[PDB]
>>> print(open('target.pdb').read())   # PDB, C-alpha atoms and all ligand atoms
ATOM      1  CA  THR A   1     -16.528   4.463   0.882
ATOM      2  CA  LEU A   2     -13.160   2.850   0.144
ATOM      3  CA  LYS A   3     -12.416  -0.624  -1.217
ATOM      4  CA  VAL A   4      -9.190  -2.654  -1.163
ATOM      5  CA  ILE A   5      -8.220  -5.244  -3.790
ATOM      6  CA  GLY A   6      -5.520  -7.866  -3.273
ATOM      7  CA  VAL A   7      -4.206  -9.183  -6.596
ATOM      8  CA  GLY A   8      -2.036 -12.297  -6.521
ATOM      9  CA  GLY A   9      -0.990 -14.652  -3.761
ATOM     10  CA  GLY A  10       1.305 -11.903  -2.495
ATOM     11  CA  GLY A  11      -1.223  -9.098  -2.130
ATOM     12  CA  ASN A  12      -3.615 -11.656  -0.644
ATOM     13  CA  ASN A  13      -1.227 -12.404   2.228
ATOM     14  CA  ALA A  14      -1.229  -8.649   2.875
ATOM     15  CA  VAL A  15      -5.040  -8.414   2.880
ATOM     16  CA  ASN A  16      -5.021 -11.407   5.239
ATOM     17  CA  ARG A  17      -2.741  -9.651   7.738
ATOM     18  CA  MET A  18      -4.567  -6.360   7.092
ATOM     19  CA  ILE A  19      -7.708  -7.574   8.875
ATOM     20  CA  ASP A  20      -5.632  -9.497  11.432
ATOM     21  CA  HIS A  21      -4.674  -6.029  12.698
ATOM     22  CA  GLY A  22      -8.320  -4.929  12.504
ATOM     23  CA  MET A  23      -9.187  -2.222   9.974
ATOM     24  CA  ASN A  24     -12.450  -0.284   9.872
ATOM     25  CA  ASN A  25     -14.671   1.150   7.134
ATOM     26  CA  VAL A  26     -12.864  -0.509   4.209
ATOM     27  CA  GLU A  27     -14.520  -3.262   2.186
ATOM     28  CA  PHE A  28     -12.227  -6.098   1.150
ATOM     29  CA  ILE A  29     -11.658  -7.874  -2.172
ATOM     30  CA  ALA A  30      -9.306 -10.786  -2.863
ATOM     31  CA  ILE A  31      -8.321 -11.909  -6.371
ATOM     32  CA  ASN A  32      -6.257 -14.938  -7.374
ATOM     33  CA  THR A  33      -5.747 -17.509 -10.101
ATOM     34  CA  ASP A  34      -4.862 -20.290  -7.659
ATOM     35  CA  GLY A  35      -8.060 -21.848  -6.353
ATOM     36  CA  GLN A  36      -6.735 -23.242  -3.077
ATOM     37  CA  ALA A  37      -4.945 -19.988  -2.181
ATOM     38  CA  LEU A  38      -8.132 -17.931  -2.485
ATOM     39  CA  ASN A  39      -9.703 -20.669  -0.341
ATOM     40  CA  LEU A  40      -7.828 -19.191   2.637
ATOM     41  CA  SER A  41      -8.634 -15.478   2.284
ATOM     42  CA  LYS A  42     -10.716 -13.814   4.999
ATOM     43  CA  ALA A  43     -11.921 -11.093   2.612
ATOM     44  CA  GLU A  44     -15.613 -10.185   2.645
ATOM     45  CA  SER A  45     -15.765 -10.540  -1.154
ATOM     46  CA  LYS A  46     -13.754 -13.107  -3.121
ATOM     47  CA  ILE A  47     -13.228 -13.391  -6.878
ATOM     48  CA  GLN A  48     -11.356 -15.958  -8.960
ATOM     49  CA  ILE A  49     -10.151 -15.040 -12.440
ATOM     50  CA  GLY A  50      -9.191 -17.257 -15.353
ATOM     51  CA  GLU A  51     -11.124 -20.409 -14.514
ATOM     52  CA  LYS A  52     -10.875 -21.114 -18.250
ATOM     53  CA  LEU A  53      -7.173 -20.281 -18.603
ATOM     54  CA  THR A  54      -5.609 -21.559 -15.358
ATOM     55  CA  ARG A  55      -8.514 -23.854 -14.348
ATOM     56  CA  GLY A  56      -7.298 -23.925 -10.741
ATOM     57  CA  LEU A  57      -3.510 -23.730 -10.884
ATOM     58  CA  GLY A  58      -1.465 -20.630 -10.210
ATOM     59  CA  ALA A  59      -0.743 -18.556 -13.302
ATOM     60  CA  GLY A  60       2.774 -20.046 -13.417
ATOM     61  CA  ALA A  61       4.932 -16.911 -13.048
ATOM     62  CA  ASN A  62       3.893 -15.588 -16.481
ATOM     63  CA  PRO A  63       2.530 -12.024 -16.811
ATOM     64  CA  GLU A  64       0.387 -12.535 -19.924
ATOM     65  CA  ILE A  65      -1.400 -15.457 -18.245
ATOM     66  CA  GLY A  66      -2.605 -12.948 -15.662
ATOM     67  CA  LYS A  67      -3.249 -10.102 -18.117
ATOM     68  CA  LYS A  68      -5.694 -12.104 -20.237
ATOM     69  CA  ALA A  69      -7.185 -14.025 -17.295
ATOM     70  CA  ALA A  70      -8.439 -10.714 -15.891
ATOM     71  CA  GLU A  71      -9.818  -9.706 -19.296
ATOM     72  CA  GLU A  72     -11.761 -12.983 -19.235
ATOM     73  CA  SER A  73     -13.275 -12.159 -15.823
ATOM     74  CA  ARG A  74     -13.898  -8.453 -16.600
ATOM     75  CA  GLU A  75     -17.448  -8.986 -15.295
ATOM     76  CA  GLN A  76     -16.850  -9.862 -11.628
ATOM     77  CA  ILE A  77     -14.181  -7.149 -11.385
ATOM     78  CA  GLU A  78     -16.681  -4.545 -12.582
ATOM     79  CA  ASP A  79     -19.089  -6.109 -10.063
ATOM     80  CA  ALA A  80     -17.088  -5.448  -6.893
ATOM     81  CA  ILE A  81     -15.889  -1.973  -7.948
ATOM     82  CA  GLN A  82     -18.996   0.141  -8.604
ATOM     83  CA  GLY A  83     -20.278   1.799  -5.454
ATOM     84  CA  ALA A  84     -16.778   2.809  -4.313
ATOM     85  CA  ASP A  85     -15.194   6.263  -4.357
ATOM     86  CA  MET A  86     -11.587   5.077  -3.893
ATOM     87  CA  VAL A  87      -9.827   1.848  -4.885
ATOM     88  CA  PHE A  88      -6.617   0.373  -3.458
ATOM     89  CA  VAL A  89      -4.691  -2.149  -5.563
ATOM     90  CA  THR A  90      -2.269  -3.883  -3.175
ATOM     91  CA  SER A  91      -0.362  -6.532  -5.132
ATOM     92  CA  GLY A  92       3.118  -8.029  -4.943
ATOM     93  CA  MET A  93       4.942  -7.582  -8.242
ATOM     94  CA  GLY A  94       6.846 -10.568  -9.596
ATOM     95  CA  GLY A  95       4.412 -13.429 -10.083
ATOM     96  CA  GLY A  96       2.164 -14.293 -12.984
ATOM     97  CA  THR A  97      -1.064 -13.150 -11.330
ATOM     98  CA  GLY A  98       0.042  -9.897  -9.703
ATOM     99  CA  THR A  99       2.242  -8.538 -12.494
ATOM    100  CA  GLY A 100      -0.537  -8.988 -15.067
ATOM    101  CA  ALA A 101      -3.935  -8.842 -13.379
ATOM    102  CA  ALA A 102      -3.292  -5.875 -11.072
ATOM    103  CA  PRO A 103      -2.542  -3.429 -13.952
ATOM    104  CA  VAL A 104      -5.966  -4.409 -15.327
ATOM    105  CA  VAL A 105      -7.893  -4.172 -12.036
ATOM    106  CA  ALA A 106      -6.431  -0.663 -11.796
ATOM    107  CA  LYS A 107      -7.246   0.705 -15.265
ATOM    108  CA  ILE A 108     -10.841  -0.476 -14.805
ATOM    109  CA  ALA A 109     -11.162   1.395 -11.498
ATOM    110  CA  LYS A 110      -9.514   4.451 -13.080
ATOM    111  CA  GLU A 111     -11.932   4.740 -16.008
ATOM    112  CA  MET A 112     -14.824   3.824 -13.679
ATOM    113  CA  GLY A 113     -14.465   7.222 -11.977
ATOM    114  CA  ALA A 114     -13.039   5.956  -8.681
ATOM    115  CA  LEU A 115      -9.676   6.976  -7.248
ATOM    116  CA  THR A 116      -6.824   4.550  -7.863
ATOM    117  CA  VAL A 117      -3.837   3.811  -5.612
ATOM    118  CA  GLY A 118      -1.230   1.128  -6.247
ATOM    119  CA  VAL A 119       0.569  -0.148  -3.154
ATOM    120  CA  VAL A 120       3.002  -2.716  -4.557
ATOM    121  CA  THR A 121       6.168  -4.441  -3.333
ATOM    122  CA  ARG A 122       9.150  -4.932  -5.596
ATOM    123  CA  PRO A 123      10.832  -8.340  -5.212
ATOM    124  CA  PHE A 124      14.066  -9.181  -3.441
ATOM    125  CA  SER A 125      17.376  -9.307  -5.271
ATOM    126  CA  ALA A 126      17.594 -12.897  -3.957
ATOM    127  CA  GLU A 127      14.803 -14.046  -6.317
ATOM    128  CA  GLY A 128      16.825 -14.085  -9.538
ATOM    129  CA  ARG A 129      17.202 -11.381 -12.179
ATOM    130  CA  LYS A 130      14.468 -12.484 -14.595
ATOM    131  CA  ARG A 131      11.837 -12.326 -11.830
ATOM    132  CA  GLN A 132      12.879  -8.706 -11.216
ATOM    133  CA  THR A 133      12.595  -7.399 -14.789
ATOM    134  CA  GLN A 134       9.025  -8.730 -14.929
ATOM    135  CA  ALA A 135       8.035  -6.996 -11.672
ATOM    136  CA  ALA A 136       9.857  -3.842 -12.787
ATOM    137  CA  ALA A 137       8.277  -3.711 -16.245
ATOM    138  CA  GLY A 138       5.014  -4.593 -14.505
ATOM    139  CA  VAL A 139       5.380  -1.440 -12.430
ATOM    140  CA  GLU A 140       5.605   0.260 -15.837
ATOM    141  CA  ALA A 141       2.126  -1.040 -16.677
ATOM    142  CA  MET A 142       0.991  -0.135 -13.153
ATOM    143  CA  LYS A 143       2.533   3.348 -13.379
ATOM    144  CA  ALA A 144       0.360   4.578 -16.265
ATOM    145  CA  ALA A 145      -2.874   2.924 -15.050
ATOM    146  CA  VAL A 146      -3.294   4.109 -11.436
ATOM    147  CA  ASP A 147      -3.295   7.675 -10.102
ATOM    148  CA  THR A 148      -0.353   7.263  -7.705
ATOM    149  CA  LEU A 149       1.925   4.236  -7.348
ATOM    150  CA  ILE A 150       3.720   3.584  -4.054
ATOM    151  CA  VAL A 151       6.759   1.483  -4.968
ATOM    152  CA  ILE A 152       8.183  -0.281  -1.911
ATOM    153  CA  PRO A 153      11.362  -2.161  -2.907
ATOM    154  CA  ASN A 154      11.744  -5.196  -0.665
ATOM    155  CA  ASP A 155      15.523  -4.711  -0.510
ATOM    156  CA  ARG A 156      14.994  -1.568   1.582
ATOM    157  CA  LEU A 157      13.286  -3.828   4.144
ATOM    158  CA  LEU A 158      16.529  -5.717   4.865
ATOM    159  CA  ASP A 159      17.663  -2.804   7.048
ATOM    160  CA  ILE A 160      14.511  -2.856   9.189
ATOM    161  CA  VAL A 161      14.524  -6.660   9.502
ATOM    162  CA  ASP A 162      17.081  -8.942  11.149
ATOM    163  CA  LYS A 163      19.849 -11.008   9.592
ATOM    164  CA  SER A 164      18.224 -14.137  11.072
ATOM    165  CA  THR A 165      14.867 -13.767   9.295
ATOM    166  CA  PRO A 166      13.808 -16.808   7.213
ATOM    167  CA  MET A 167      11.949 -16.812   3.899
ATOM    168  CA  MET A 168       8.316 -17.041   5.036
ATOM    169  CA  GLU A 169       8.709 -14.496   7.835
ATOM    170  CA  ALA A 170      10.578 -12.040   5.599
ATOM    171  CA  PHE A 171       7.229 -11.565   3.840
ATOM    172  CA  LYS A 172       5.322 -11.363   7.131
ATOM    173  CA  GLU A 173       7.149  -8.059   7.610
ATOM    174  CA  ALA A 174       6.360  -7.075   4.012
ATOM    175  CA  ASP A 175       2.657  -7.591   4.724
ATOM    176  CA  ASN A 176       3.001  -5.348   7.788
ATOM    177  CA  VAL A 177       4.673  -2.667   5.658
ATOM    178  CA  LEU A 178       1.965  -2.803   2.977
ATOM    179  CA  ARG A 179      -0.567  -2.479   5.803
ATOM    180  CA  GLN A 180       1.107   0.700   7.084
ATOM    181  CA  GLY A 181       0.765   2.320   3.659
ATOM    182  CA  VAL A 182      -2.952   1.730   3.128
ATOM    183  CA  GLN A 183      -3.941   2.062   6.798
ATOM    184  CA  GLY A 184      -1.908   5.276   6.854
ATOM    185  CA  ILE A 185      -4.068   6.838   4.142
ATOM    186  CA  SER A 186      -7.314   4.949   4.847
ATOM    187  CA  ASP A 187      -7.677   5.903   8.529
ATOM    188  CA  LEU A 188      -7.656   9.587   7.476
ATOM    189  CA  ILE A 189     -10.813   9.748   5.335
ATOM    190  CA  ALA A 190     -13.389   7.352   6.801
ATOM    191  CA  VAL A 191     -11.215  14.677  13.201
ATOM    192  CA  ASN A 192     -11.131  13.619   9.559
ATOM    193  CA  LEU A 193      -9.924  15.130   6.279
ATOM    194  CA  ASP A 194     -11.799  16.340   3.224
ATOM    195  CA  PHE A 195     -11.926  13.801   0.404
ATOM    196  CA  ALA A 196     -11.590  16.419  -2.348
ATOM    197  CA  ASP A 197      -8.367  17.437  -0.588
ATOM    198  CA  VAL A 198      -6.753  14.055  -1.309
ATOM    199  CA  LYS A 199      -7.932  14.411  -4.922
ATOM    200  CA  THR A 200      -5.477  17.300  -5.291
ATOM    201  CA  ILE A 201      -2.630  15.283  -3.749
ATOM    202  CA  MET A 202      -3.102  12.070  -5.748
ATOM    203  CA  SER A 203      -4.683  12.777  -9.158
ATOM    204  CA  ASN A 204      -2.297  11.779 -11.975
ATOM    205  CA  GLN A 205       0.927  12.441 -10.062
ATOM    206  CA  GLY A 206       2.875   9.233 -10.712
ATOM    207  CA  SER A 207       5.592   7.541  -8.669
ATOM    208  CA  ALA A 208       5.227   7.832  -4.892
ATOM    209  CA  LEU A 209       7.296   7.044  -1.802
ATOM    210  CA  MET A 210       6.470   5.929   1.744
ATOM    211  CA  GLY A 211       8.239   6.510   5.051
ATOM    212  CA  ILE A 212       7.590   5.006   8.478
ATOM    213  CA  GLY A 213       8.721   6.293  11.871
ATOM    214  CA  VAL A 214       8.138   4.840  15.356
ATOM    215  CA  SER A 215       9.304   6.526  18.572
ATOM    216  CA  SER A 216       8.748   5.479  22.182
ATOM    217  CA  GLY A 217      10.067   7.561  25.050
ATOM    218  CA  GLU A 218      10.364  11.137  26.278
ATOM    219  CA  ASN A 219      10.724  13.168  23.066
ATOM    220  CA  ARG A 220       8.580  10.887  20.910
ATOM    221  CA  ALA A 221       7.001  13.608  18.745
ATOM    222  CA  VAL A 222      10.401  14.486  17.211
ATOM    223  CA  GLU A 223      12.348  11.208  17.091
ATOM    224  CA  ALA A 224       9.385   9.720  15.196
ATOM    225  CA  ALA A 225       9.272  12.332  12.420
ATOM    226  CA  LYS A 226      13.078  12.268  12.130
ATOM    227  CA  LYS A 227      13.214   8.488  11.689
ATOM    228  CA  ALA A 228      10.310   8.828   9.235
ATOM    229  CA  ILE A 229      12.001  11.510   7.109
ATOM    230  CA  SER A 230      15.101   9.262   7.010
ATOM    231  CA  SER A 231      13.317   5.928   6.643
ATOM    232  CA  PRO A 232      15.104   3.314   4.491
ATOM    233  CA  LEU A 233      11.844   2.607   2.631
ATOM    234  CA  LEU A 234      12.329   5.993   0.928
ATOM    235  CA  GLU A 235      14.488   5.748  -2.191
ATOM    236  CA  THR A 236      15.285   9.471  -2.310
ATOM    237  CA  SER A 237      14.580  11.980   0.466
ATOM    238  CA  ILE A 238      11.172  13.637   0.604
ATOM    239  CA  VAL A 239      12.312  17.007  -0.770
ATOM    240  CA  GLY A 240      11.532  16.221  -4.425
ATOM    241  CA  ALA A 241       7.763  15.963  -4.077
ATOM    242  CA  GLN A 242       5.168  18.537  -5.117
ATOM    243  CA  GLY A 243       2.808  17.172  -2.454
ATOM    244  CA  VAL A 244       3.130  15.481   0.939
ATOM    245  CA  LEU A 245       0.668  13.611   3.157
ATOM    246  CA  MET A 246       1.222  12.882   6.846
ATOM    247  CA  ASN A 247      -0.447  10.490   9.296
ATOM    248  CA  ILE A 248       0.218  10.765  13.041
ATOM    249  CA  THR A 249      -1.145   7.787  14.989
ATOM    250  CA  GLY A 250      -0.974   7.739  18.779
ATOM    251  CA  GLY A 251      -2.727   6.486  21.877
ATOM    252  CA  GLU A 252      -4.874   8.357  24.382
ATOM    253  CA  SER A 253      -1.839  10.361  25.573
ATOM    254  CA  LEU A 254      -1.390  12.145  22.228
ATOM    255  CA  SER A 255      -1.317  15.938  22.642
ATOM    256  CA  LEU A 256      -2.533  18.424  20.021
ATOM    257  CA  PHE A 257       0.874  20.055  20.543
ATOM    258  CA  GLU A 258       2.828  16.919  19.560
ATOM    259  CA  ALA A 259       1.068  16.829  16.178
ATOM    260  CA  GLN A 260       1.993  20.389  15.175
ATOM    261  CA  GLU A 261       5.513  19.640  16.440
ATOM    262  CA  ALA A 262       6.067  16.582  14.230
ATOM    263  CA  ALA A 263       4.291  18.236  11.289
ATOM    264  CA  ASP A 264       6.806  21.100  11.228
ATOM    265  CA  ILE A 265       9.908  18.884  11.240
ATOM    266  CA  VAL A 266       8.433  17.343   8.082
ATOM    267  CA  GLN A 267       7.366  20.683   6.587
ATOM    268  CA  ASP A 268      10.941  21.911   7.082
ATOM    269  CA  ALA A 269      12.454  18.917   5.270
ATOM    270  CA  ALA A 270      10.031  19.264   2.336
ATOM    271  CA  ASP A 271      10.230  21.740  -0.530
ATOM    272  CA  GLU A 272       9.286  25.269   0.471
ATOM    273  CA  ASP A 273       6.117  25.505  -1.653
ATOM    274  CA  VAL A 274       4.615  22.022  -1.219
ATOM    275  CA  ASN A 275       1.013  20.875  -0.927
ATOM    276  CA  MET A 276       0.696  19.467   2.594
ATOM    277  CA  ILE A 277      -2.033  18.204   4.926
ATOM    278  CA  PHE A 278      -2.070  15.888   7.938
ATOM    279  CA  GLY A 279      -4.366  14.268  10.476
ATOM    280  CA  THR A 280      -4.496  12.841  13.990
ATOM    281  CA  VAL A 281      -5.499   9.206  14.577
ATOM    282  CA  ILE A 282      -6.506   8.264  18.130
ATOM    283  CA  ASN A 283      -5.919   4.502  18.501
ATOM    284  CA  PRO A 284      -6.779   3.473  22.090
ATOM    285  CA  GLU A 285      -4.922   0.147  21.873
ATOM    286  CA  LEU A 286      -1.636   2.044  21.517
ATOM    287  CA  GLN A 287       0.150   2.417  24.852
ATOM    288  CA  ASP A 288       2.625   5.319  24.931
ATOM    289  CA  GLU A 289       4.578   5.177  21.659
ATOM    290  CA  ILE A 290       3.271   6.789  18.464
ATOM    291  CA  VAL A 291       3.794   6.322  14.718
ATOM    292  CA  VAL A 292       4.230   8.834  11.878
ATOM    293  CA  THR A 293       3.567   7.981   8.216
ATOM    294  CA  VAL A 294       4.670  10.074   5.224
ATOM    295  CA  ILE A 295       3.660   9.963   1.543
ATOM    296  CA  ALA A 296       5.493  11.779  -1.274
ATOM    297  CA  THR A 297       3.718  12.431  -4.587
ATOM    298  CA  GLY A 298       4.942  13.644  -7.966
ATOM    299  CA  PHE A 299       8.684  13.562  -8.618
TER     300      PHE A 299
HETATM  301  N1  LIG A 301       3.394  -8.811   0.556
HETATM  302  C1  LIG A 301       3.797 -10.040   0.250
HETATM  303  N2  LIG A 301       4.516 -10.263  -0.906
HETATM  304  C2  LIG A 301       4.928 -11.514  -1.222
HETATM  305  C3  LIG A 301       4.631 -12.583  -0.384
HETATM  306  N3  LIG A 301       5.158 -13.698  -0.936
HETATM  307  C4  LIG A 301       5.776 -13.364  -2.091
HETATM  308  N4  LIG A 301       5.643 -12.014  -2.282
HETATM  309  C5  LIG A 301       6.171 -11.250  -3.425
HETATM  310  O1  LIG A 301       5.286 -11.401  -4.518
HETATM  311  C6  LIG A 301       5.964 -11.879  -5.664
HETATM  312  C7  LIG A 301       5.076 -12.868  -6.412
HETATM  313  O2  LIG A 301       4.474 -13.766  -5.507
HETATM  314  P1  LIG A 301       2.907 -14.100  -5.657
HETATM  315  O3  LIG A 301       2.111 -12.821  -5.540
HETATM  316  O4  LIG A 301       2.484 -15.103  -4.612
HETATM  317  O5  LIG A 301       2.762 -14.729  -7.135
HETATM  318  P2  LIG A 301       1.394 -14.531  -7.965
HETATM  319  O6  LIG A 301       1.043 -13.067  -8.059
HETATM  320  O7  LIG A 301       0.279 -15.317  -7.318
HETATM  321  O8  LIG A 301       1.692 -15.100  -9.443
HETATM  322  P3  LIG A 301       2.024 -16.654  -9.710
HETATM  323  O9  LIG A 301       3.517 -16.842  -9.830
HETATM  324  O10 LIG A 301       1.372 -17.081 -11.003
HETATM  325  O11 LIG A 301       1.490 -17.480  -8.564
HETATM  326  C8  LIG A 301       7.271 -12.482  -5.183
HETATM  327  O12 LIG A 301       8.315 -12.168  -6.075
HETATM  328  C9  LIG A 301       7.515 -11.821  -3.842
HETATM  329  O13 LIG A 301       8.444 -10.772  -3.980
HETATM  330  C10 LIG A 301       3.905 -12.362   0.782
HETATM  331  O14 LIG A 301       3.631 -13.293   1.539
HETATM  332  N5  LIG A 301       3.492 -11.086   1.095
END
>>> encode(input="target.pdb", output="structure tokens", more="lines below")
Ligand SMILES: Nc1nc2c(ncn2[C@@H]2O[C@H](COP(=O)(O)OP(=O)(O)OP(=O)(O)O)[C@@H](O)[C@H]2O)c(=O)[nH]1
Amino acid sequence: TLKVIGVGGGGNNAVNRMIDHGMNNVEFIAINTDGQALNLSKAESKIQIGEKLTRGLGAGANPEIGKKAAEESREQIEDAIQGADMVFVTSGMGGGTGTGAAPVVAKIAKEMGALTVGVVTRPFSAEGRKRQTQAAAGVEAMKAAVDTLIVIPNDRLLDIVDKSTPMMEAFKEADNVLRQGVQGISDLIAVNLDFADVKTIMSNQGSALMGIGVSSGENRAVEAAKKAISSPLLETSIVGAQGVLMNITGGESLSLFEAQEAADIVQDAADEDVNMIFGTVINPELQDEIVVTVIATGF
């Protein structure tokens, strides 16, 4: 049983779009300091923190306001966690709530036995410098609290998105990209994988990287993996890792051959003695095109 937690107004927009795409066998948790922003979440379970400290307003782009507001509500966080084997902390770094509360939600889930994954977006360079250093030094707090942290800088998204994209649809794509990271790993566990397998990939590895590839036509099984190995969302290239995870999602047409094909183009590009596993997701609503998702652990 897996549970997802959306810290901040950012992460909450992701959890909103995450069920808009329809996701199975993952229980949902939203967390916010703003009272009218958590009003809009579709999550099964909602929690507000810092009703004493913010009293309804957003935590006003201050990290410590979030950090101590979560300490105040330590109870309801412990409530929603226990009963879960794996915990996802999807939260947009930058704001007061996310940059302070999410590092706490994590370290609770870590010392509560469960597995801990941080799927966080860095902010744009177009949001000032002081907003960045917060988010970046908040990744620092995130880094040592979770098991693996999947940094997705939002500046890498400018290549995938248009030049014409406005402000409130530039984050619509960021929600979709945070979805691909969790859904990529979630759809594998609950022709499945062993859970104790992922324990070897994730446990106390550190900084992680994500790559996305989509291919349509004739030679889909290869053009996908190639575009995934050279995705802009990867800072470096995938060779550094001591462990790789691969998700191949395709429609009814997907052949057991195509999977082994794509898996070897990735295995070639990775280090020669790497920990690697992979799975096949049959998603009937997909027409002909498929999608490959790559995770790199331990640099
Ligand atoms: N995934 C995603 N990230 C967003 C979205 N909007 C903003 N962000 C990122 O998240 C950062 C902080 O925004 P919020 O999460 O809404 O702020 P907060 O965590 O609620 O903290 P406060 O400033 O106190 O409200 C920004 O710097 C953006 O980079 C969004 O709609 N989706």
>>> resolve_selection(input="target.pdb", expression="the PyMOL selection byres (((chain A and resi 126) around 12) and not hetatm)", output="PyMOL selection string")
chain A and resi 122-125+127-132+154-155+158+167+170
>>> write_last_selection(input="target.pdb", atoms="C-alpha atoms", output="CSV table (one decimal), in the coordinates of the input")
chain,number,residue,atom,x,y,z
A,122,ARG,CA,9.2,-4.9,-5.6
A,123,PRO,CA,10.8,-8.3,-5.2
A,124,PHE,CA,14.1,-9.2,-3.4
A,125,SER,CA,17.4,-9.3,-5.3
A,127,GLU,CA,14.8,-14.0,-6.3
A,128,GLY,CA,16.8,-14.1,-9.5
A,129,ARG,CA,17.2,-11.4,-12.2
A,130,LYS,CA,14.5,-12.5,-14.6
A,131,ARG,CA,11.8,-12.3,-11.8
A,132,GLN,CA,12.9,-8.7,-11.2
A,154,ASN,CA,11.7,-5.2,-0.7
A,155,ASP,CA,15.5,-4.7,-0.5
A,158,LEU,CA,16.5,-5.7,4.9
A,167,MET,CA,11.9,-16.8,3.9
A,170,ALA,CA,10.6,-12.0,5.6
>>> residues_near_ligand(input="target.pdb", ligand="ligand LIG 301 (chain A)", cutoff="9 Å", atoms="only C-alpha atoms and all ligand atoms", output="number ranges by chain")
A: 7-15, 32-34, 37, 57-63, 65-66, 90-102, 120-124, 127, 131-132, 135, 154, 167-178
>>> resolve_selection(input="target.pdb", expression="the PyMOL selection byres (((chain A and resi 240-248) around 6) and not hetatm)", output="list in words")
residues 184, 201, 238, 239, 249, 274, 275, 276, 277, 278, 279, 280, 291, 292, 293, 294, 295, 296, 297, 298 and 299 of chain A
>>> closest_residue(input="target.pdb", among="A:55, A:193, A:68, A:210", to="residue 104 in chain A", atoms="only C-alpha atoms")
A:68
>>> resolve_selection(input="target.pdb", expression="the PyMOL selection byres (((chain A and resi 224-229) around 8) and not hetatm)", output="PyMOL selection string")
chain A and resi 211-215+220-223+230-231+237-238+262-263+265-266+269+290-294
>>> write_last_selection(input="target.pdb", atoms="C-alpha atoms", output="PDB file, in the frame of the given file")
ATOM      1  CA  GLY A 211       8.239   6.510   5.051  1.00  0.00           C
ATOM      2  CA  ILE A 212       7.590   5.006   8.478  1.00  0.00           C
ATOM      3  CA  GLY A 213       8.721   6.293  11.871  1.00  0.00           C
ATOM      4  CA  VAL A 214       8.138   4.840  15.356  1.00  0.00           C
ATOM      5  CA  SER A 215       9.304   6.526  18.572  1.00  0.00           C
ATOM      6  CA  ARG A 220       8.580  10.887  20.910  1.00  0.00           C
ATOM      7  CA  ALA A 221       7.001  13.608  18.745  1.00  0.00           C
ATOM      8  CA  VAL A 222      10.401  14.486  17.211  1.00  0.00           C
ATOM      9  CA  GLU A 223      12.348  11.208  17.091  1.00  0.00           C
ATOM     10  CA  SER A 230      15.101   9.262   7.010  1.00  0.00           C
ATOM     11  CA  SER A 231      13.317   5.928   6.643  1.00  0.00           C
ATOM     12  CA  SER A 237      14.580  11.980   0.466  1.00  0.00           C
ATOM     13  CA  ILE A 238      11.172  13.637   0.604  1.00  0.00           C
ATOM     14  CA  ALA A 262       6.067  16.582  14.230  1.00  0.00           C
ATOM     15  CA  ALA A 263       4.291  18.236  11.289  1.00  0.00           C
ATOM     16  CA  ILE A 265       9.908  18.884  11.240  1.00  0.00           C
ATOM     17  CA  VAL A 266       8.433  17.343   8.082  1.00  0.00           C
ATOM     18  CA  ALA A 269      12.454  18.917   5.270  1.00  0.00           C
ATOM     19  CA  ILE A 290       3.271   6.789  18.464  1.00  0.00           C
ATOM     20  CA  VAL A 291       3.794   6.322  14.718  1.00  0.00           C
ATOM     21  CA  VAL A 292       4.230   8.834  11.878  1.00  0.00           C
ATOM     22  CA  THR A 293       3.567   7.981   8.216  1.00  0.00           C
ATOM     23  CA  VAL A 294       4.670  10.074   5.224  1.00  0.00           C
TER      24      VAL A 294
END
>>> residues_around(input="target.pdb", residues="residue 75 in chain A", least_positions_apart="6", cutoff="12 Å", atoms="all atoms listed in the file", output="PyMOL selection string")
chain A and resi 47-50+69+81-82+105+108
>>> closest_residue(input="target.pdb", among="A:159, A:44, A:218, A:79", to="residue 112 in chain A", atoms="all atoms listed in the file")
A:79
>>> closest_residue(input="target.pdb", among="A:234, A:281, A:182, A:86", to="residue 196 in chain A", atoms="all atoms listed in the file")
A:86
>>> closest_residue(input="target.pdb", among="A:133, A:180, A:116, A:216", to="residue 204 in chain A", atoms="only C-alpha atoms")
A:116
>>> closest_residue(input="target.pdb", among="A:161, A:109, A:151, A:202", to="residue 236 in chain A", atoms="all atoms listed in the file")
A:151
>>> atom_distance(input="target.pdb", atom1="CA of residue 282 in chain A", atom2="CA of residue 24 in chain A")
13.3 Å
>>> decode(input="target.pdb", residues="range 204-208 of chain A", atoms="N, CA, C and O atoms", output="short mmCIF file (atom, residue, chain, number, x, y, z; two decimals), in the first residue's frame")
data_model
loop_
_atom_site.label_atom_id
_atom_site.label_comp_id
_atom_site.auth_asym_id
_atom_site.auth_seq_id
_atom_site.Cartn_x
_atom_site.Cartn_y
_atom_site.Cartn_z
N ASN A 204 18.51 4.99 0.91
CA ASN A 204 19.63 5.84 1.29
C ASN A 204 20.64 6.02 0.15
O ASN A 204 21.85 5.88 0.33
N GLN A 205 20.12 6.33 -1.04
CA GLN A 205 20.98 6.58 -2.19
C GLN A 205 21.29 8.06 -2.38
O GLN A 205 22.44 8.41 -2.67
N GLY A 206 20.30 8.93 -2.22
CA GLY A 206 20.51 10.35 -2.42
C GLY A 206 19.90 10.91 -3.68
O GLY A 206 18.81 10.50 -4.09
N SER A 207 20.59 11.86 -4.31
CA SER A 207 20.04 12.60 -5.44
C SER A 207 19.70 11.67 -6.59
O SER A 207 20.45 10.75 -6.92
N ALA A 208 18.55 11.92 -7.22
CA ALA A 208 18.05 11.10 -8.31
C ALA A 208 17.73 11.97 -9.52
O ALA A 208 17.69 13.20 -9.44
#
